[PDB]
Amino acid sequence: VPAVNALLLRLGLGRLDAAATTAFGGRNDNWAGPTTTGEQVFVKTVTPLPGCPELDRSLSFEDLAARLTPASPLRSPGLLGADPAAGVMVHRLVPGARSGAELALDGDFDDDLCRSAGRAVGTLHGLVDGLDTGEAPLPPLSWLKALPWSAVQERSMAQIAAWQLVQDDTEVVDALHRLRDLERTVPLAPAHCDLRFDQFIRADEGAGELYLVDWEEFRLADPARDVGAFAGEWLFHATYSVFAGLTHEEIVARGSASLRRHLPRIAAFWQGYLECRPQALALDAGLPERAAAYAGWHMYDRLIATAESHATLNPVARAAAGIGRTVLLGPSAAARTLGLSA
């Protein structure tokens, strides 16, 4: 609280109006609401290094984004200030923000929103000096060989069981190693690297404009990370989120039918992505394949996160992991099926 107020004071924002403040989500402590000067702010705090590589990457995005026209499908809320030493950032609040996760649950992330998202990400990938060129720790390759003991003491029995299934699947582990190895063999681009539906916000209770937020992992990196993540989110929505005992074959049949009904969403995103990055496949013909491989890992990623509140892995979880494995070990076919071709 002190470090936040100190920054609000110095920016001319007064203080956080405790009567109208409210905590928002994510692995960081965040505050949103009116300040005593009446301005609406979003405040994020990140635990410094014993400064803060996640805010330096987030700011590196804000620097690129300030030099952008107001017609860009890619928009920042607007950075108001930052204290990277103390782990504090402040942005303009988007009024009546609905996250992409809420929209997808409600049924509102439609084909046309998916296209705008593709345009935003395609725009991102076009835009590179002063970008972190370090590799994103996803997939987590050291964890696939051995979870650090401190990580095991903070996980659920189901997350541990899910880790173990991945660790003992030699084909999956080898594929994830190949996937990260390929990143130094492709034309890199400015990439979010942590893209999910909850990193998107839309203004006016869902009727406003589209923002992509949480740039803590922003890097010069494989564009397939962001395309794959977007496809993987739909994959995971379709084969898990909507289902949350049948037979395994019935779970698979329902999941397959559910995915097919959601494939247009991925198609729209890729349409939009090509509108704004028309030269993508000309530079990287392997991009569809690599994207599909990231979509596969993304399901494991989302299944392991979801398990934090469970003690066993349910049969839907296991069925979804099976689809994740199929997309990862067969990336050329999953790309075509997902609609990421030509």
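All residue numbers refer to positions in the sequence shown, first residue = 1.
Report, from the record, the number of residues in the deposited sequence between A244 and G245 that have no coordinates, as none, 1 to 3, 4 to 9, or 10 or more. Gap size class: 10 or more residues without coordinates, per the record.
Are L127 and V128 truly consecutive in the deposited sequence, or are residues between them missing coordinates? Give the number as none, 1 to 3, 4 to 9, or 10 or more. Missing in between: 1 to 3 residues.
277 to 285 set against 296 to 304, stretch whose average Cα temperature factor tops the other in the entry: For C-alpha atoms only, the mean B-factor is higher in 277 to 285.
Per the PDB record, is the mean Cα temperature factor higher over 109 to 117 or over 215 to 223? Taking the mean C-alpha B-factor of 215 to 223 and of 109 to 117, the larger value falls to 109 to 117.
Highest recorded Cα temperature factor - choice among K44, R57, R27, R290: Of the options given, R27 has the highest CA B-factor in the PDB entry.
When the CA B-factors of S156, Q199, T185, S72 are compared as recorded in the entry, which is the largest? It is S72.
Once the chain's modelled residues are ordered by C-alpha B factor and cut into thirds, is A342 in the lowest, middle or highest one? Tercile = highest for this residue's CA B-factor.
Among all modelled residues of this chain, ranked by Cα B factor, put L8 in the bottom, middle or top third, i.e. lowest, middle or highest. It belongs to the middle third of the chain when residues are ordered by C-alpha B-factor.
Ordered by C-alpha B-factor within the chain, which third holds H248? Give me lowest, middle or highest, please. For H248, the deposited C-alpha B-factor lands in the highest third.
Just say lowest, middle or highest third for the CA B-factor of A23 relative to the other modelled residues in its chain. According to the entry, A23 has a C-alpha B-factor in the chain's highest third.
Sorting the chain's modelled residues by C-alpha B-factor, tell me whether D169 ends up in the lowest, middle or highest third. According to the entry, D169 has a C-alpha B-factor in the chain's lowest third.
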